[PDB]
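Down below is the structure, laid out as structure tokens.
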Amino acid sequence: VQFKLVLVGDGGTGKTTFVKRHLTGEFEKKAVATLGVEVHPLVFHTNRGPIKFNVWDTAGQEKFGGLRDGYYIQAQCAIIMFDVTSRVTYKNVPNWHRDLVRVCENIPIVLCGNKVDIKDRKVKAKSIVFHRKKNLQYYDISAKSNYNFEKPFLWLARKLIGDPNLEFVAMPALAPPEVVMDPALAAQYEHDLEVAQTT
Ligand SMILES: Nc1nc2c(ncn2[C@@H]2O[C@H](COP(=O)(O)OP(=O)(O)O)[C@@H](O)[C@H]2O)c(=O)[nH]1
Ligand SMILES: [Mg+2]
């Protein structure tokens, strides 16, 4: 079965673009009009069987402050997103994490810095520290290129199932890349996180 996943972060960070990479989850999405949400059934296939993350994507109301309690309620996991080309989105991560945990106190949470395909990166590995204090997991991602798409969900699945050896045995069908994520740049970004991490 299944887990409610809430996807939060400033307007314009690429939450909608992200959740939409998973093609069947977009085709089978369900409206929850009473809370201004579209729930996308993101199925992933593990060595322990199938897991379904029901990802709750807003209809843009985060542009105007915290979300309603009904949005967060009964969430079993979360992704907090920021835009690595917009420093204020990173600065707002504490506010999202507070908005989130007030309603969902013991859930696994991953932090994702999106748009790493844009050449002029502002929030670099050296400054990404918020996950460390809260012992949350961080990934760089690029929704438009599918780069690291599966990472946040694999880390959440390991935490929810309590199996640090879980693996995905097949990739979901994803929208074809709309930008190129340069493999050398990606490698260097992962390296920089590793090097920031040993500090
Ligand atoms: N370059 C780049 N642009 C992105 C990416 N994800 C989203 N965008 C752009 O960011 C803008 C806001 O994306 P949206 O998904 O609507 O963000 P939301 O408001 O957080 O749901 C749109 O112009 C997107 O096309 C990405 O990975 N790379
Ligand atoms: Mg959106």
Hey, got the dipole for the chain? About the Cα centre, +1 on K and R Cβ, -1 on D and E Cβ, debye to the nearest 20?
480 debye
For labels at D192 and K122 in the simple 7 Å Cα→Cβ model, what's the distance in nm?
1.5 nm
Of the chain, which part is the longest with no GluC sites (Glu not before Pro) in a loop (DSSP not H, G, I, E, B) and with at most 14 other C-beta atoms within 10 angstrom?
29-104
³J(HN,Hα), Karplus 6.51/-1.76/1.60, whole Hz, each residue of the stretch 46-59, x for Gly, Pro:
9, 6, 9, x, x, 10, 10, 9, 7, 8, 8, 9, 5, 9
Whole-Hz ³J(HN,Hα) for each residue in the stretch 92-101, computed from phi via Karplus 6.51 cos²θ - 1.76 cosθ + 1.60 with θ = phi - 60°, x for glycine and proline: what do you get?
7, 4, x, 4, 4, 5, 5, 4, 6, 6
Over the chain, what is the mean sequence separation of C-alpha contacts under 8 Å (at least six apart), divided by residue count, expressed as relative contact order in percent?
23 percent
Please give, to one decimal in nm, the separation of the simple spin-label points placed at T34 and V101, each 7 Å out from Cα toward the Cβ.
3.0 nm
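Is there a pair in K20/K122; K29/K144; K20/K124; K15/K159; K52/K126; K30/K126 whose C-alpha atoms are over 29 Å apart, and which pairs would that be? It would help to have the intermediate numbers written out before the result.
Numbers: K20/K122 25 Å; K29/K144 19 Å; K20/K124 25 Å; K15/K159 22 Å; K52/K126 34 Å; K30/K126 39 Å.
Correct reply: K52/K126; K30/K126.
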Ordered by residue, what ³J(HN,Hα) values in Hz, to whole numbers, does the stretch 139-150 give under the Karplus form 6.51 cos²θ - 1.76 cosθ + 1.60, where θ = phi - 60° and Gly and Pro are x?
9, 5, 9, 10, 4, 4, 10, 6, 5, 6, 3, 7
Label-point gap, in nm, between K134 and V43 - each point 7 angstrom along Cα→Cβ
3.1 nm
Volume in Å³ per residue [convex hull over Cα atoms, computed for the stretch 18-84]
116 Å³
Principal axis dimensions, the chain - Cα atoms, whole angstrom, descending
41, 38, 33
Neighbourhood charge, 13 Å Cβ-Cβ cut-off, centred on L154 and excluding it, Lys, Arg +1 and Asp, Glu -1:
+1
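Sort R98, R48 by Cβ crowding within 10 Å, fewest neighbours at the top. Write out the running numbers ahead of the final one.
On the way: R98 10, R48 14.
Lowest count first: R98, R48.
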Using a cut-off of 11 Å between beta-carbons, work out the net charge of the residues near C104 (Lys and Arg +1, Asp and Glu -1, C104 not included).
-1
Exposure-ranked with fewest Cβ neighbours within 10 Å first, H191, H22 stand as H191, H22
Gap separating the Cα centres of the stretch 166-199 and the stretch 103-150, nearest whole Å
11 Å
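Taking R0 as 30 Å, what's the FRET efficiency between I161 and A184 from their Cβ-Cβ distance, rounded to 0.05? Mind dumping the intermediate values first?
Working: r = 34 Å, r/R0 = 1.13.
Between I161 and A184 the formula returns 0.30.
Only the coordinates and a few stated rules stand behind these numbers; no lab work does. As a convention, Cβ positions derive from the backbone with ideal geometry for all residues, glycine included, and neighbour counts pool all protein chains shown.
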